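Protein chains in written order, with PDB author numbering: chain C, 65 to 226; chain D, 293 to 311, 318 to 340; chain A, 45 to 140; chain G, 333 to 476; chain F, 1 to 46; chain R, 1 to 14; chain S, 173 to 333; chain X, 9 to 220.
For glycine and all other residues, C-beta sits at the position ideal for the given N, C-alpha and C.
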Ligand SMILES: Nc1nc2c(ncn2[C@@H]2O[C@H](COP(=O)(O)OP(=O)(O)OP(=O)(O)O)[C@@H](O)[C@H]2O)c(=O)[nH]1
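1) Excluding five sequence neighbours on each side, which residues of the same chain lie with their C-beta closer than 8 Å to the C-beta of residue 211 of chain C?
2) At a CB distance below 8 Å, what residues from the stretch 105-126 of chain A approach chain G? Give them in sequence order.
3) Show which residues of chain G have a CB atom less than 8 Å away from the CB atom of residue 80 of chain A.
4) For ligand 3, I want to know if residue 339 of chain D counts as a neighbour, meaning its beta carbon is within less than 8 Å of at least one of the ligand's heavy atoms.
5) Does any CB atom of chain C fall closer than 9 Å to the CB of residue 31 of chain X?
6) Is any non-hydrogen atom of ligand 1 found closer than 8 Å to the C-beta of residue 86 of chain A, if you look at the structure I gave you?
7) Between which two residues does the alpha helix (DSSP H) harbouring residue 30 of chain X extend?
8) With hydrogens ignored, establish whether the beta-carbon of residue 394 of chain G is closer than 8 Å to any heavy atom of ligand 1.
9) Let's test the definition: count the other Cβ atoms within 10 Å of the Cβ of residue 72 of chain A and tell me whether it reaches 16, buried, or not, exposed.
10) Identify whether residue 426 of chain G lies in helix, strand or coil by the three-state DSSP scheme.
11) Is the closest heavy atom of ligand 1 to the C-beta of residue 364 of chain G under 8 Å?
12) How do the stretch 110-117 of chain X and the stretch 154-170 of chain X stand: do at least 3 beta-carbon pairs fall below 8 Å, yes or no?
13) Taking the C-alpha atoms as reference points, what is the distance between residue 179 of chain S and residue 189 of chain S?
14) What are the start and end residues of each continuous alpha helix (DSSP H) run of 4 or more residues lying completely inside the stretch 96-181 of chain C, in chain order?
15) Which same chain residues end up closer than 8 Å to residue 468 of chain G when comparing Cβ atoms and leaving out the 5 residues on each side of it in sequence?
16) Between which residues of its own chain and residue 185 of chain X is the CB-CB distance below 6 Å, once the five residues before and five after are set aside?
17) So, using beta-carbon positions, are residue 56 of chain X and residue 25 of chain X closer together than 9 Å?
18) For residue 80 of chain C and residue 84 of chain X, I'd like the C-alpha separation in whole angstroms.
19) Can you round the beta-carbon distance between residue 297 of chain S and residue 167 of chain C to whole angstroms, since I take them to be within the 8 Å contact cut?
20) With 16 as the cutoff for other CB atoms within 10 Å, does residue 457 of chain G come out buried or exposed?
21) Which whole-angstrom value is the C-beta distance of residue 399 of chain G and residue 428 of chain G, which I expect to be below 8 Å?
22) What residue range is occupied by the uninterrupted alpha helix (DSSP H) comprising residue 243 of chain S?
23) State the start and end residues of the unbroken beta strand (DSSP E) segment that holds residue 128 of chain X.
24) Roughly how many angstroms separate the alpha carbons of residue 65 of chain C and residue 102 of chain X, rounded to a whole number?
25) Using a Cβ-Cβ distance cut-off of 9 Å, determine whether residue 99 of chain X contacts chain C.
26) Could you compute how far the alpha carbon of residue 7 of chain F sits from the alpha carbon of residue 220 of chain C?
27) According to the neighbour-count rule (16 or more other Cβ atoms, all chains shown, within 10 Å of its Cβ), is residue 207 of chain X buried or exposed?
28) Are the stretch 110-122 of chain C and the stretch 393-413 of chain G in contact at 8 Å, needing three or more beta carbon pairs?
29) Please decide whether residue 280 of chain S counts as near chain C, where near means a Cβ-Cβ distance under 9 Å.
30) Any heavy atom of ligand 1 closer than 8 Å to the Cβ of residue 430 of chain G?
31) With a threshold of 9 Å between beta-carbons, can residue 206 of chain C be considered close to chain D, or not?
32) Note down the Cα distance separating residue 129 of chain X from residue 141 of chain X, rounded to an integer number of angstroms.
33) By the DSSP assignment, the beta strand (DSSP E) with residue 361 of chain G in it spans what residues?
34) Closest Cβ-Cβ distance between residue 255 of chain S and chain C: below 9 Å?
35) When the Cα atoms are used, what is the spatial distance from residue 195 of chain S to residue 222 of chain S?
36) Which of the three DSSP states, helix, strand or coil, is assigned to residue 350 of chain G?
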């Protein structure tokens, strides 16, 4: 059995369950039984998607399975609702899914920015005059002040690194 | 838009270094950034 | 194609040999501990042992000294307890 | 002999003749005494305990070692002391690991309190602190 | 030393206010606000 | 290239 | 706890001359502390700062940029923020938890939107990047017309079978 | 009260009933699946909708294994409708003492990490190294200097895919861990177990016979 029903067990017990072991006395007349529980280790893992350390009560089997799956996020995603009987597990699963969608959105944003910069670079590859540069800048909806500030920041970073 | 601005700025810097008033403004911004970095380090 | 995964037959991780199960059980069954190997004596320990002094003088038995050597379970202890005869301390039998 | 951290390092008695201050003697080392609780489960160590008791029964003086790191003699230590007293051998008590014990004064007070609380002639037993590694009061122990 | 204490407190308050403004770059917008709409500054939050 | 000791970084925030 | 006498004059000489504010009766009553006054000034300047709506109104998106973004083969899927759990608890308890390490101890985690993210070791980023690469390969195949030929061959062999 | 009762979890079949609920969902205790839609549908209608080829396809059942849970016996044939526990047994037996050595796991390094204290290299970029579990989960992973070695990870990184059976069968003794290490070494350097390599030291002849 488990200490709590499947819908209430907050801890992550993959397959470990409470089991009673039986031992006979020195004389075989009588027997004594005792319950045994798994070794619960607080898994303080790091999830790449969240980028921040997350700790949750777990078991040695849970830690080994996380290592097998190659990541806490992968382990949680592989484990399904009924299979992962943890409310904490469900909360972290929702956080991980939201963060994964955010990762995808950020990648799409980066790709859109790359396409825009490539298009404008094709447009203004030659250098003709600041007037035409500003005309293209307003055509593409960009501020010269922030363009200059980011150019200066990039130059500072380049100088610092070399 | 902002990320496109940053990427365009770095690409323009790369092209320029591979090759007036805007240059002066860039120099002033560089000086300001250097001063801010020095203050943060201090 | 049509095959079943390899899996142990005896359940519970038990062993088909009660001797293996006994050695797994351990102390309560196998009371006798295994052979004791030579201890790891450090250089500092050797130096301290050399520096020690005898608070009492050990006497070299004037009678002929004969030592029995050999491998384990060679009957050396049985031969020793057959030859030995203690008139003053009865019950001095070496464990065999 | 050989000393190792293992509980039952030696399983047979050992006798070494020697003279201290011009007085012959045979220093005897025993395997060790265990409580009946442990012996019943492990009769073999019970066998070596019986072998040790046999030599205690024939010794002319008995010296009971108890580790000072424990801080005071155990109930089984007092049981062994009473056993040797009943056998009728001059019994002495020695606290070992004195170079390792931390609170020397507290350990000495505890030992003295135990000796005083002892009821029979064991109450008159004299306790001496002796250290093996350092080698402290060995001559005093032999003199006693 | 009431006057000295008052002067020191005023100087410390001015320095702290300047540091706080510089932390959030408030002075940048504050200069324009003072130049144009010093009467009152408020941004519709909705 | 990067360098790191055996205890420089701790998962939790010390 | 600044005394009222010195306070009045300090506020009149600094806030009016520097920030040109106007606290109310209760505001001045609560402004006894230097920390309180500086926090009030910070809050008021923060409110006065331009709003995101105002900034967008003054700097709207341009038709060319919108067209390029729409033509981009990839578009985002928003609404992921609607999925993270919404805990209904005590405000003070939540403040305590966030200040301490309890914010991550038991199935909890804070959410902060990010524009740029670290890619090194990001399995999600790597898998989406490979997905995009294979999508680009598929687009190249479609442009070259190989996909049309393959589909025609598949249909022809299916009909023949 | 349930205004809407969810249908059977996996009822794609047109004639055969859905598998037992425990096989696909998360609730066991029954060996025979049921679907009210299929039961109520007249036999003639089901046969009309289906075709002999489709009927045989949907009738084909994997025995004794399960179709949905690969590598596990289906619950409808076990003595009880609950899943077999032999494969998913708990990590430690009731009487087994915990004696598990400090197992090492394979980690792909994403950046050349230089151990300055030891004056060496932990591992080069995109290289696999067997490291300590605690070390990997405590320092390498949070620093993003390396990741666990998985076939999916290799596929993502573009490196050749190798299926390191990490924790496939968790060892329970130092001897079992040694057996696991030996199996890993064999699977890695299979070429070292050839007859030629085994007799390499006797390539030409006995050293004593060989002249100096
Ligand atoms: N530090 C310290 N340790 C001591 C001293 N005397 C004995 N010991 C301990 O005794 C241990 C060695 O065991 P032995 O000397 O063989 O004593 P034993 O365990 O009773 O062995 P047997 O009597 O042969 O059964 C060492 O590990 C020490 O910890 C001492 O004077 N100082």
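A quick look at the data gives this:
1) 201
2) 105
3) 334, 336, 338, 341
4) No copy of ligand 3 occurs in the structure displayed; its ligands are ligand 1 alone.
5) no
6) Placement of the Cβ of residue 86 of chain A at a distance of 8 Å or more from every heavy atom of ligand 1 is found.
7) 29-32
8) no
9) exposed
10) strand
11) yes
12) yes
13) 15 Å
14) 124-133, 136-142
15) The residues are 430, 431, 461, 462.
16) 109, 179
17) no
18) Rounded to the nearest angstrom, the two C-alpha atoms are 24 Å apart.
19) About 6 Å separates the two Cβ atoms, so the contact holds.
20) buried
21) Right, their Cβ atoms sit about 5 Å apart.
22) 235-243
23) 128-131
24) 14 Å
25) yes
26) 41 Å
27) exposed
28) no
29) yes
30) At least one heavy atom of ligand 1 is nearer than 8 Å to the Cβ of residue 430 of chain G, so yes.
31) yes
32) 18 Å
33) 356-361
34) yes
35) 21 Å
36) strand
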